[PDB]
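> Residues in the sequence shown are numbered consecutively from 298, following the entry's author numbering. From the three backbone atoms N, C-alpha and C, an ideal C-beta is built for every residue, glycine too.
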Amino acid sequence: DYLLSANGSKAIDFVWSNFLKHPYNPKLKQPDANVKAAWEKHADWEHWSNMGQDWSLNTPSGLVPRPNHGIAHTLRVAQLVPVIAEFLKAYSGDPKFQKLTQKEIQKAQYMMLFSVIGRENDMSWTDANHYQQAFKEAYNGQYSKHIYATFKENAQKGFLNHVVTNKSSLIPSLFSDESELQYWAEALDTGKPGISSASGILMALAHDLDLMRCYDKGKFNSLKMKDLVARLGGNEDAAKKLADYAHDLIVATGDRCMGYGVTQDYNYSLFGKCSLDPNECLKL
Numbered sequence: 298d299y300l301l302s303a304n305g306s307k308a309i310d311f312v313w314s315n316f317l318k319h320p321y322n323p324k325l326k327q328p329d330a331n332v333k334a335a336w337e338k339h340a341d342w343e344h345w346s347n348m349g350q351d352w353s354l355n356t357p358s359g360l361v362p363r364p365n366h367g368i369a370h371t372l373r374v375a376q377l378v379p380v381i382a383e384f385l386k387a388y389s390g391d392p393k394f395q396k397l398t399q400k401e402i403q404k405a406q407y408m409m410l411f412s413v414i415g416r417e418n419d420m421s422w423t424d425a426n427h428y429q430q431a432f433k434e435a436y437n438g439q440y441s442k443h444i445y446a447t448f449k450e451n452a453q454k455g456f457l458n459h460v461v462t463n464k465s466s467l468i469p470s471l472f473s474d475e476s477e478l479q480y481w482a483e484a485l486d487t488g489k490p491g492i493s494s495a496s497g498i499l500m501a502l503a504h505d506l507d508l509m510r511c512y513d514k515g516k517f518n519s520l521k522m523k524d525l526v527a528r529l530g531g532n533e534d535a536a537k538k539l540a541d542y543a544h545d546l547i548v549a550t551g552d553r554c555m556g557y558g559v560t561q562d563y564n565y566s567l568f569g570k571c572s573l574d575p576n577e578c579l580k581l
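1) Counting along the chain, where does the alpha helix (DSSP H) carrying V461 start and finish?
2) Which residue spans inside the region 383 to 469 form an unbroken alpha helix (DSSP H) run of at least 4?
3) Indicate whether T356 and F568 have their beta-carbon atoms separated by less than 8 Å.
4) DSSP beta-bridge partners for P362?
5) Measuring only the C-alpha atoms, how far is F311 from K338?
6) Span of the alpha helix (DSSP H) holding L478?
7) Nearest-angstrom Cα distance between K570 and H319?
8) Between which two residues does the alpha helix (DSSP H) carrying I547 extend?
9) Start and end of the alpha helix (DSSP H) containing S566?
10) Helix, strand or coil for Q561? Go by DSSP, reduced to three states.
11) Are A503 and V378 closer than 8 Å when you measure CB to CB?
12) At which residues does the alpha helix (DSSP H) containing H504 begin and terminate?
13) How is the alpha helix (DSSP H) around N315 delimited, first residue to last?
14) Mapping DSSP to helix, strand and coil, what is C511?
15) Is the Cβ-Cβ distance between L385 and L506 less than 8 Å?
16) Within 10 angstroms of the Cβ of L301, are there 16 or more other Cβ atoms? Answer buried if so, exposed if not.
17) Just grab the DSSP bridge partners of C554 for me.
Structure below.
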């Protein structure tokens, strides 16, 4: 179980201590008034309050920051990677999954520990496109760095700060050489790398299955479950087994589950205990 390897432990401690335990950035909670006014003209866009959604969650043991993209989500999506790889080996009929090696699956798991470290709020990519356009429309065409390019930069800086002092522990046992580590540093992006490769698709499915925490059943089914069914050779029973695993990891961490299976609200005490100590997620 690679999250318990010396390399997995060191990365978990790094992402928890330097990123995931900290609050989102109050400067990114909402736009300035001029940007708000430009945004509000686009009546088709979701409201700019999306920038402040899911900001924190009160629990009996502490205020959990970034509750939709925190340590519990990070460790579940990492845990899902080798399990999704086994379902794709068993059911997909696709040789690029059948041939995935253990070291390739460990690299994809390891990289998912860094998948959301750069976020400074919970806004979506579309929300960030709206902020950039409303900023240009409020300020006479002026460029503003797209917020998800900020987030990628934040995550790449964290990833490169960690790997630079750990190259002898990482190479060649996990990354075969510095070129393979280079490709992953360039690929790293928020949520999933968006790359069509056996590893890229495995990492995207891990991020997508965990979205049952925050999508309702209709939405999850249309956007994610039908494509999973097709990825697993059309086998709905196989897809249900894998979505049931993801559901059970979510509810084990006390998190909400809205999009699949038996829905449940937060178990606040359990979610606070899991979110305020990475070791409680691993023990589950």
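On the basis of the data shown:
1) From DSSP, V461 is part of no alpha helix (DSSP H); its letter is neither H nor E.
2) DSSP assignment within the region 383 to 469 yields the following whole alpha helix (DSSP H) runs of 4 residues or more, N-terminal first: 392 to 395, 399 to 409, 422 to 435, 444 to 460 and 464 to 467.
3) The criterion of a C-beta distance shorter than 8 Å is satisfied by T356 and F568.
4) By DSSP's assignment, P362 forms a beta bridge with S353.
5) Approximately 42 Å between the Cα atoms of the pair.
6) Looking at the DSSP string, the run of the alpha helix (DSSP H) that includes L478 is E475 to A484.
7) Rounded to the nearest angstrom, the two C-alpha atoms are 16 Å apart.
8) Taken as a continuous stretch (DSSP letters only), the alpha helix (DSSP H) holding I547 covers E533 to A549.
9) Where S566 is concerned, the enclosing alpha helix (DSSP H) stretches over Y565 to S572.
10) Looking at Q561 - three-state DSSP - the assignment turns out to be strand.
11) Taking a C-beta distance under 8 Å as the contact criterion, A503 and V378 qualify as a contact pair.
12) Run containing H504: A495 to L506, per the alpha helix (DSSP H) assignment.
13) Counting along the chain, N315 sits inside no alpha helix (DSSP H), nor does DSSP assign it H or E at all.
14) Coil.
15) In this structure, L385 sits away from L506, with a CB-CB distance that is not shorter than 8 Å.
16) Residue environment for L301: exposed (fewer than 16 other C-beta atoms within 10 angstroms of its C-beta).
17) Bridge partners of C554: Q561.
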